[PDB]
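Note sheet for the following structure.
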Amino acid sequence: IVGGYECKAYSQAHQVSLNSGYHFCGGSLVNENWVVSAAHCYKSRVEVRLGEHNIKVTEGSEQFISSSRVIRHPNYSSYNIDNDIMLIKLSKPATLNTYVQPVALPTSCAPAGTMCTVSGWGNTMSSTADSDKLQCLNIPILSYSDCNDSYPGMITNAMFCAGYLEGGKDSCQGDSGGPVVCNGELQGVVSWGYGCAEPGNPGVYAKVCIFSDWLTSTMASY
Ligand SMILES: [Ca+2]
């Protein structure tokens with residue numbers, strides 16, 4: 001997260017860290033057994049770390065759970081980073097408490113101009129912002145017109161742009177797979193962008209509201 005602020009600890013209780021000996025991507029707890037992330041973050045096995053604030057300090061709030069299953073969207077395309085969404089089944093259910101709470105799936109697609117929250121432990125590009133401490137950022141959803149104007153012909157139905165065309169504030173590498181929360185629902189998944197916080201290159205996010213049938217179907221009947 002570039003140009004952000006340190007989240008109030010545990011204010012994003014759904015936020016998880018994907019760990020393979022080190023933090024490499026974010027994700028969102030959706031219920032006790034499943035985590036939503038980005039398909040481009042795929043690894044056959046990962047450790048999910050819940051209840052984190054400072055990922056390099058033991059706080060007493062953490063839960064470290066290994067994955068039992070990692071499911072990439074069936075139409076994920078790495079060429080164009082289309083359908084950049086994945087499901088992670090926890091080997092054991094998470095414990096819901098004051099530190100760990102699921103985030104709701106969206107019951108509608110949020111329109112352009114909606115202010116959202118993005119968070120993560122990715123690069124901050126700043127000497128005073130510690131990427132070790134969960135970072136928060138307020139970002140508005142951009143129109144499809146602005147999004148495609150910025151990345152001509154690269155924006156599919158499965159994506160939406162959010163951020164600032166002026167640059168300066170953005171999600172970045174290491175934030176990938178993390179949440180975009182709007183009005184208390186999970187609207188997006190950190191997915192891609194050209195650089196981080198560069199003028200004219202806003203962040204691109206997987207559009208969660210078009211995947212609700214696949215998500216619930218996968219979580220329920222398997
Ligand atoms: Ca910690």
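Sequence positions, counted from 1, serve as the residue numbers for this chain. When a ligand or atom number is given, it counts from 1 through the structure's own listing order.
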Atoms named by residue and atom, protein N, O or S, within reach of the Ca ion (ligand 1) (under 3.0 Å):
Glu52 OE1, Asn54 O, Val57 O, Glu59 OE1, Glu62 OE2

Assess whether side-chain hydrogen bond (donor to acceptor under 3.5 Å, both in side chains) is satisfied between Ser126 and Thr124, documenting all intermediate values.
CA-CA 5 Å; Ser126 176; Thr124 75; 5.0 Å; no

Going only through I, L, V, M, F, W and Y residues with side-chain contacts under 4.5 Å, is there a path from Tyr151 to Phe160?
no

A quick test of your reading: do over 12 heavy atoms of other residues, nucleotides or ligands sit less than 6.0 Å from CD of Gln173?
no

How far apart are the C-alpha atoms of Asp146 and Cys161, what are their side-chain angles, what is the distance that settles it, and do they pass the side-chain contact (heavy atoms from CB on, under 4.5 Å) test?
CA-CA 8 Å; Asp146 280 353; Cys161 291; over 6 Å; no

Enumerate the salt bridge (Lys or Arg N to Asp or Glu O under 4.0 Å) contacts for residues 128-138, please, sequence neighbours excluded, ordered by first and then second residue.
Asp130-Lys133

Roughly how far, to the nearest 0.5 Å, is CG of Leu29 from CD1 of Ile88?
10.5 Å

